[PDB]
Each structure stands twice: as structure tokens, then as C-alpha cells.
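Going by the order they are written in, the chains are A, B, C, D, E, F, G, H and I; count residues from 1 in each one.
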């Protein structure tokens, strides 16, 4: 066994956290990506339009 | 000690998880593997085998009679014989097939199908049929002049007693999904219709009614997604002798 | 901190688990190892030693008399002397043996057995026997003409006072399992029978009844699986002086 | 992640993409060519 | 830290700094030079 | 996985497949050959 | 022949075909082979690069899902005056996969199966209404689950000495803990389990048809370790099984009629279609009637 | 001679044998050797490649199973008016392996044993029925388990100062925690434990036969750290032991008759067979009677 | 070319001029048990030509109300010739099969028979919780008939029976079917008197019909064991 201890914040649900989670559907193959006009990757691109 | 913290989802039991677990019997040696004929490693192999359709799913057909379609000699030309609905995720002639049964374990399906018809008349029986696949959008054609405008094959009876109509994958989307709405644009595949091309002509000493047997299978471009519990089986109570397992 | 999550089975106590645990006494130095004769590292070594069978398990036999079989001079030919049942996982002559006792700690067994019979008559006693192993499927043979059709060895008394009948592993499956059904196809091994080949002939001054001693052992192709609690020991209450350990 | 001493304790193996549908679809001693009359 | 067998189970990907605002701000067939009268 | 300082704290050792059944089955000063009369 | 398939096959474009002696659309079903007519030979097609995955239909993925195989409820209380049939703080269950139909049908889609079984045990507790009409709280109880080989001695009471488990594998778990999980190896005496057995497993004629004890994993004996509380509770234990490391042989026609018993494949069917004995598929008016015809 | 054996031995095919002077089926039991007749020399055999493993019969695997060695129940309450014999919120147990027969018989299958002992402690609690006829809930109590060497000073009460444990190893554990686990090393003054002792461990003639204190691991003193609650409870402590790193010498005949005491090997046997003094094996009608003969 | 076929085993030969190829179950051919898969250590007996030969069963009559026929292997051959003698004298059996089904008629006749080999066809009973008895399962040479061929007498579907090795006898196309079956069992060998590896089922999906003068149209089954081996010699059980 690996000796461990729990830190403050253990078990909390933070809405802005960034962690991997269990896949609900294993071996699922998503639909292949198709090129779509007008891709936006940063909202600063939108604010530059008058 | 290693500083750690627990994440959301800790301690949950997910039925589709993939983790190692403690071996109950240590040092157990399983029985050595022996070669067994007919190994299957992908259920798409099973759906490629053709199985009989229940085209004659009418109240007048009992049991095995539901697995064949009777054709007789007609005195009018361009007459319709039968039609087959489209959905493999819905109840119908395609449901109780290998491809249909396996596909009803999933929610999304894609790929081309093949429908094989075997003529089971006498050797002296002659005839020409036309089998048409109609892409969705309108009503099922009721006349040959409208059905021949879609995909079709003209079948001539002869030494080769079987013909194949390919239903190609003609869909706007990559996959077709299952809902309880047969008329959705994401579920409807079209129709299949059979018409007489010329007639069924037999001599006086041959049977005047001849049976066709229809099979359906999927091609190698077929695929399934979003596994779900099959609606083809269920229980409202415990089975018999299930209590005896606790005795 | 290291982000972690708990899996199903966390905190459980499994009696067959294999994990390191905290040492209660740090820096403890165990006594140096000394060579001791008779080290055993696998229980299959113990089952290879032959142990006496209780063939004479009858109400008329008390204690040690259950470990020998008496043979006398007969006036009819081809007469049966005794039979031995098959199962090492069931109560019988083979149960209270090293191989039987060790095998009853497991559920599955495989491999060939060997049965060794020692003649304990006088030097002037002569005789010929036949020992037959019959594979399962039918009844135990009651006549020599039926028993000799299976596996057998003809034993002639002489300077070598012991004979060995090998019961080879003849099974459809890799292993034979234990259930409480002696007649199952996964448990039945066959029968052993002993018949007189010619007769037992002794002079007037020798004992007219001579004793055979039967031993059974396993060969090196023997193996056991699925360890289980032995049915040969149990308790319905606490033992004597067990309470004194708490005083 | 498998720290157990028994190999059967490991997770599921979903990396076997080998197929042979012919053993179910074409179990005939003599193969059939495309377009040629089978019978 | 992603020990799952499915790639979609991983954490969010916040490392895509590629931009092209012109497709929203200058969707014209002929580009415009600085200072020159556009019309 | 053994992070303890004492060696006896480790898990069970199930990797000893060495055997010598003869010390229990043939504890005789003179060995016996196959088929030859032992006595 | 054997090949590695990770995606659906691509489509190649095709042209007009007017070749004499070539009839790709004609087949011979009587040989038992499946039609080999390609879409390229039936119609005129375009070039399509197919990137659709096939990993979700893998037999491992298709079967390696935790499915409920046992559900047993029993009363945790003082059982001095209880009947003989009642489960007195403990129960024993012969492990089988034929009690719940969703997993049973999927397993019966094949003739031979070889897999290890991951077992998950989930425990729930409620306060018994009768007697204790008031709710006082749920106790965190310790449960012992002992694996006993088929036919071996099972405990006869909650405090039986057989629970000492000298060699039997036992797992102790709390209700407040996550569900207990173990892995039972592939333990058949043969190289694979027999999903269907066309024979009798006894050397006489009074045996059981279709039941091969070599295919029974064993017995699970579950007890409450804690002695009874002054009030009674109802404890429900759910056992889920997940096959893993699966090998499958000889796929079979799926079950159509509802199951009748866990001991055989007896069939009755529904009173009317669908899934009736005389009509598996629901009826329509005629073979010329489209059930869901689009009318605009 | 010594050899590494991982699988059962293969079988070689054999032919007809008609050699003079060669009698592989004849043996001499009087020498004390086990018969060496091979199946190849008794019958005609085929070639068999044996892949059956032998790892489950390893002595380590055979003995490294957690088995119940102690079970003690005591009342956690106010003990001012209790009797002297009652366990007042604490108990002391001399560690032994002879109280529960399933582990004792397996350990007595050998003459000499050397192993470290993994100790697991499982605690259960119930509300005492008498006095508190109503259930109020189970308290999460802290328990202290102190290892005291054989013959040393053990605590005399729950709040004894001996519990301070200056040098004695002590483990504190909650009921809501997983069962407490420690590892006691091989602590015999000799190179191995004596499972059987044919002698007396005292220099006079009034000692105890068969009891060697050098083979006693020690004493376990278990107390409830919490002071008593206004209501009484019943606390049951179960101690399980698992040998590990095991060396075994001189295997012995297994025990047949039921055990009588933990202090000796006294025997009485059952009233009738099986396992009776005059008849270990159950009787049959005669030596010519097959107990389970197949009759069709 | 593929319409004519001759099968020659032992001293038996069968010729057909209206065959439609033939089926090898799962693309496999019968073979003897190899050493690396063997369990029983005694030397097996391999009678070869004495047992690997065609045995012709009693013919059945194809009627208008026929529901189908079935035979169980090795049960159907357990009391025929040297194969039956070897089965009766040996505890363990192993072999494959070669099945040839014959049915001819006139060019004015119509009818389709599905000839399917089902591995481990565990039969269920209709409208009862009691399992089928020994006499319901073991019919021997005569075989049995299908109570509900629509569900294959086991709650499954006949429409999906094509997943099993099979052929069709269509009267306008062919008059015979041939299936080659390898050994199909979880164990390398088995006791031949209590377990059946294969079940041959002949089901008239399309009923026999004609308007000529009615004649008896029988169906004949010829089964040839292949690569027979037997273990555990003892007295005959019979």
C-alpha cells in the first residue's frame, strides 16, 4: 500500500475544476469531424466586429 | 505520506467502468485454452449473415407461413406484390433478423443493407419481377411507373434462384438514430416494393402459387453506436425456479 | 496534492488478499534460519506418498482391522474378492489418505493415481490375483470376464510382495470437480475390482487366511484447484480451555 | 494500473480488432468470384 | 492525469491560441490596404 | 508495493516452485531403477 | 480470411456495366453462403472514405458491462420465532446468470463463452415498518460474503462456525463503504463455459437436462456480521456481474419468446403478437400495407 | 533431487513390452519407498502435453489465507456493579491458533513452521436489548489494541495507566475505519515454531505437556478508549491471522477425530462413523458392495 | 462443375448430380485430437475405415403438414455397426461428421428444406415449467419431429437459424445438401451416451406442392463419422 493523507478541499465540487472523469460509454466512436465555415476559437475575435 | 485529495465521482459504482479488481482466488490456474470452431470477436460479423424476413406478418399467417410470400398468376400488368418497411430499430419484417436483433442493442446505425430473395417455385415456373428501393421523403409507391424511378433491380427466374437488391447508405447524416418517431428525418430509410415485371407463368401440372423467401443482411460498411438495453426482452416478475437458487 | 478517486471495493477486508502491512515491531531481527530435514514447498509432494486405504470399512471391522483385506482359499473359480470406489472427494476407502485428505481441501483434481497392494501372507502361500480399473459409464463389474475387459494387472505372489495398478487419467474434461452428486459425469472416475486369477493355495501348517494391505498415491501429473474449507473437520462449540486464553 | 499478482485480475482487453466473417458468411469449400454465376 | 481508455474522458484542452478574426471582420474578396480609400 | 522499512512487512512470496518429493517418496540409501526388481 | 478491421469499409466509384456472362446480382442461397453482391456492382456509386469506428461492437465491449445477476432482501432482526424458510440474518445463493433476462439473452447469443467474472456487491438498508413504526436511523453494518464451491458445505445460521473461512475466500464490507468488488477467475473444468448443454450431466437417466454443474461458478453466502439490534431492519443485497477477458464461440439466434424458468429454455410466448408463439412480429393489414407511410 | 516444477508432468507414448527380467509393476513396500511404476509401463499410453499449473498447491498459497483465530464479545457500559469475571470494557487474549479448527488442522498438517503473522481486527457493535429496549444508533468508538509479550504485565482495568504504552506496540482504530491491520514478525526464539512439542517446557515435573511458551506469539489487550455511554452496547472483536513468508517442515498425518481442547491433542471421536474412534470412514454393507453403483 | 459431387469414405460412396457446393462448418475440417490438446493418457483406438463410413438412416416422408425432423449426433449413430460397438465399449468418444441429405422430385414439384446443423441444441418444452425428459431428448436412430419449428423448439427464431452451418434443398435447384462438421465441444472428448454435440434439423420452410400425380417424396439422411477416436476401453454398456 501507498501511504497517503487527505488535504483540505478533498471531495469538494468546484465548478471551474479541470480533471478527467470516467467515460460513460466505453469504445464509443464520435462522428468524424467535418469542416464548417466560421470557426471561432477566441471570443476576442467576436468583439472586433463592429 | 503522499498528499492526495478526492475528486467528484469517488466511491461511485459505474456499470461501464474499466478497472482492475482484487482476485478472489490467488494462484488459480485456469483451464488451458482449446481451439473451438466459430470464434466471434465482433458482432458486426453476425449481422453480415442473412436471415429470413417476416414479410408476411399478417393475421392470416401462422408461424412458418409468416416467413414466405406467395405469388400467383395475375391478369393485370404492372401489379404490386408486396412492400417492406425501412426501420431496423422498429418492429416489422426486419426486426426478427440477426442484423435487426443486434442493431436493436444500439441506438445509432450506418451502412448499406442487402436484401436477397429466393424463388421457391417449380423448375417449370417462369417469371420476371422488379424490386425497388425508394429513398425517403414521400409516400410508398403504389405503381410500377413510380417505383422504377428509384433504385431497382429486375429479377429473372432461372438457374440462379436468388437475386440481391442493395439498399445503399443514402443519408444526409453520418448515422441514423432510433427514436419512437418512425417519421423522423433521422430515422426514415425509405421503402422496398416488389412489382411484376412481366408475369408468373407456370404449366398446368405445376403449382400455380409459388413462394419467395426474403433474407436481409448488412454489408461490411455497416456500424453501430450507443449501446442500449434491448427492447426485445423483459420481465415483470421473477422467473420460475429462481427462488430455488436461494434454497 | 495528487488528485485521486476511490474505486469499488475500497476499504473491504478480503481474506485472500496479498498486500504489505505495517510492521508492529520495528528493527526486529528474526532468529537466524537453521537447516531442518524434511522441508515441503508444495502439497503435491505429500500426495505422492502412498497411504493405507480403508478398504474394509464394514461394521464388523474395528480400528486397525479396517486397514487390511482378508483372502481365503475358495472352491469356485473366477470369484470376486473386493471392490474399491472411485471418488477422492467423497467418503470412502480413499478419503482417509494423504492424497484424499489434501485433495479434499480443493474442488478440482486431475492426474493419474496408483494403487499398491502388499501381500502379507506366509512365505509358503502362493496365489494369483487380477486387479481391474473400469472407466465409468456402467455398473461395477461382478464377474472376472467383464472386469478383465477394462484396465487390469495380473499379480503373482512371490519375492516381490507388492504390485501396482495404475489408474490412468481417463477423463473427457481437463479436471474432475467435486459436488455432492456421486453419479455426475464430471466426478465419476470408475471402479476398482479384485478377482482371483487362479486361487490362494497354502500348506497345512500355514495360515489359511492372508491379509492384503492397500495403499493409494498420486503421480507427478496430479494437480489440484479451487481451494476450499475441508469438510473433514468442524466444530459446533468452543473447545476446552479456549476460555482460559481470555483469563 | 494492475498491481495484483494474478493476471486475470486486470481490466478488460478491448484491443482485439481481428475479424473473420467469412467463416459465418462463406463456409463453402470452393470460393465464389465476383459476378461469376455461383451455380 | 488521464488513466481512462477513452480519449474523450480527458480534461479540457486550453492550449489553442490560433485565431483568424478576418473571416468575421474582413470577409471581402479583395483586401484593403491601410490609408488607401476602400471605395 | 512495500514502503515499510522492515522486510517482513512485505506481501506473501508465491514464487517458489522448487520441489523434492523424493525425500518423502524414496528415502532409501540405494536408488531404484525402472523395471528392475527392487528386492 | 482473418484481417484486422478498425473502421467500416470504403466505397469505390463505379461505372456502367454491360458485360455478358457477369451477373453479380444473381446468387445461390441453397449453398448456404451469404450474398456477395457489392454496392459497386448493384448501382453506380461514388468514392467514400469511411471513418466510422467498429470498436463499440467488439465482443469484449458488448459483454463487459456490469449487469444485475442477484437481488435478495432479508430481515435483520431477532429470529428466534421466525419460520424455517425465512432468511435468518443470512442467505445463500447459487450463482447463475439466468435470473435476469437482459444479461441472460446477451449471454445466450453465443454457444461457448470463456471469461473472468468481476463481482460487485451493493447493500441497502431500510427500517422495518411493522413493529418499529418510527424511523431512528440506518445502522452501518458489516457484511461477510463467502465464496463456497458448488455442492460444498454452506453455513446453516448467522453465527455458524463455518463462517470462520479457513480456506474459503471471504470479503468483509461495510454499508457505508463503496460496493464490494472481487474478481473470480474463469473456473470451468473445460476450456469454456457451455451456455447451452444438449445433454445430461449424470451417468443415470434421472439427471437434469441442460444443466451442467461444470458451468456453475459457485455459491455466495452473505451474512450480517453484527448481532441483531433491538429493532428490525430490511437489508437488500444486489450482486452485479461483469464478464471480462471474453472469448465467444458459435453465435446463436436470439431469444424471441419470454423466458419461463431459469432451469431450461421452456417457451410459451405472449398471448398475441408481438413475441407470440404463432406470430413473433406484430401484424399489419396486408403485405401491401406500409405501417408508417408518409402522407402529405 | 531438487527441481523446479511449474506444471504437471507430460505423458509419453508407449508400446508393447515383453521383456524378461523387467517387472515395473512389481514393488517392495517393505523398503518404505513409494511405488515408482509409471503409467507408461503399466498400460499403453499416448503423448500428452500437460499444461496444468501447480501454483495453487504451493505451501505459501495453501497457508497464506486470513483465518479467524479469535472472537470475543463484551459489554461496553457502566461496570461499577459488574462481576469480577465480566470483561469491563476491555479484554486480554493469549494469542493461539488452536481455538478454531479449520486453521488449526491446516497448521497441524506440518511439524515445523516459520512465518510472519498478518493480524486483522474487525469490530462490530450492537445495542444491548436488556435495559435499552429501543434502538438509538451505533456509536463510532475508538479501540486500542496493545501487544504485550507473553507473561508480561497486562492492564487490569479500562483506565489503567498500563495503557500508556511507552514501549509496547499499540494500534488505535475506529469502528467506522476499515479493519485494523498489522504485521507481527517471526518471533520464536528458535528457527521455527514447534507445531507439536513432545516434551515439557519446565525443569521440574509439574510443567505442561505439549505447550512450549516459545511458540506463543504473545498477548493482545483490546479496550474501548471511549468512556462509557449512558446506555449499554455489545462489542464483538474478531481477530484474523494470515501466515506469510512460510517455511514448512515434516508433514504429518491429518487430524481425523474432532478436537477436544486447545491445550492438547486429546481425542474422543464421534459416537459412530464417520470419524469415530473405532471407524474413521463410514461403513458399507461389505467389501463387495459399491456405495454409488450406476444402475441403468 | 460444382453441381456434381462424389463422397467416398471407407467402403461407402455417394454420387450426386444436383448438389449446390457443400458447407464446411465455420470453415473447419475434422481432425484427430492433437497431443497439446489431449487429456486422456491412454492410447486411443482409431478404427478408421471400420467407423469412418456412411450410415444411412430410415427415410422420412415429406408431407403437406410436415413441421420438420431432427436427429442428434452422436445419439442417432450410437447403436449402428462398428461405430456403435466402439461407442458402447468405450467411455470417451471424439469425432466429426459428414452429413448428406437427399430429396428428389420432379420439375413440376416445389418446396424448400432448410438443412441446418445446430451445435448444442438444448431443447425447451412448450407451455410448462418442467424440463424435457430423457425420452424426449434421446430418440436414437428414428429421431424426432419439431413441435414448433417457427421457434426451433427452444424459444429462439427459425428466421435467424442461418447463423448456424446450413444449406438449402430447393426442389427447382438441387436435390441434396452436404455439411461437414468438425468436433464441437468445450472438452476434447465426451461421454457419447449422455451428451450430443450436434443436431441435424431439416425444416420445410416452403411446403411441398405440385399439381402432378402425387408420389411419395422421402428425405434420406446419410451420416459418416470422421476421424473417430475412442478412449477408456471396458465392457459394453449397451
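Observations
Simple rule for what comes next: a contact is a pair of C-beta atoms (placed from the backbone, for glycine too) under 8 Å apart; a residue touches a chain by one contact, two chains touch by 3 or more.
Against reference pair C-H, the listed pairs B-G, C-G or B-H yield one interface repeat, B-G (criterion: more than half of contact pairs the same by residue number).
Should one ask which of C-F and B-G has more C-beta pairs in contact, the pair is B-G.
The mean-CA centres of subunit A and subunit H are about 54 angstrom from one another, to the nearest whole unit. In terms of their C-alpha centroids, the spacing between subunit D and subunit E amounts to 44 Å.
Spacing of subunit G relative to subunit I, judged by their CA centroids, is 31 angstrom.
In whole angstrom, the spacing between the mean C-alpha positions of subunit B and subunit D is 21.
Multi-chain contact residues of subunit C, defined as those touching 2 or more other chains: 1-4, 6-23, 28, 30, 37-42, 44, 46, 48-49, 105, 112, 136-138, 151, 160, 168, 173-175, 183, 185, 188, 220-221, 223, 225-227, 229-230, 234-235. Within subunit G, contacts with two or more other chains are made by residues 5, 23, 26-34, 38, 52-56, 58, 61, 64, 111-112, 120, 161, 165-167, 169-172, 174, 177-179, 181-183, 185-192, 200-205, 207, 250-251, 253-256, 259-261, 263, 277-278, 280. Those residues of subunit D in touch with two or more other chains are numbered 1, 3-6, 8-12, 14, 16-20, 22-25, 27-28, 37-39.
Taken together, the subunit D residues at the contact with subunit G in this complex read 6, 8-14, 16-20, 22, 24-28, 32, 34-39. Within the complex formed with subunit A, the residues of subunit F that make contact are 1, 3. By the touch criterion stated above, subunit G contacts subunit A in their complex at residues 51-56, 58, 61, 64. Against subunit H, the residues of subunit I that register as touching in their complex are 35-36, 38-44, 237.
Against subunit I, in their complex, subunit D makes its touches with residues 20, 22-24, 27-30, 38-39.
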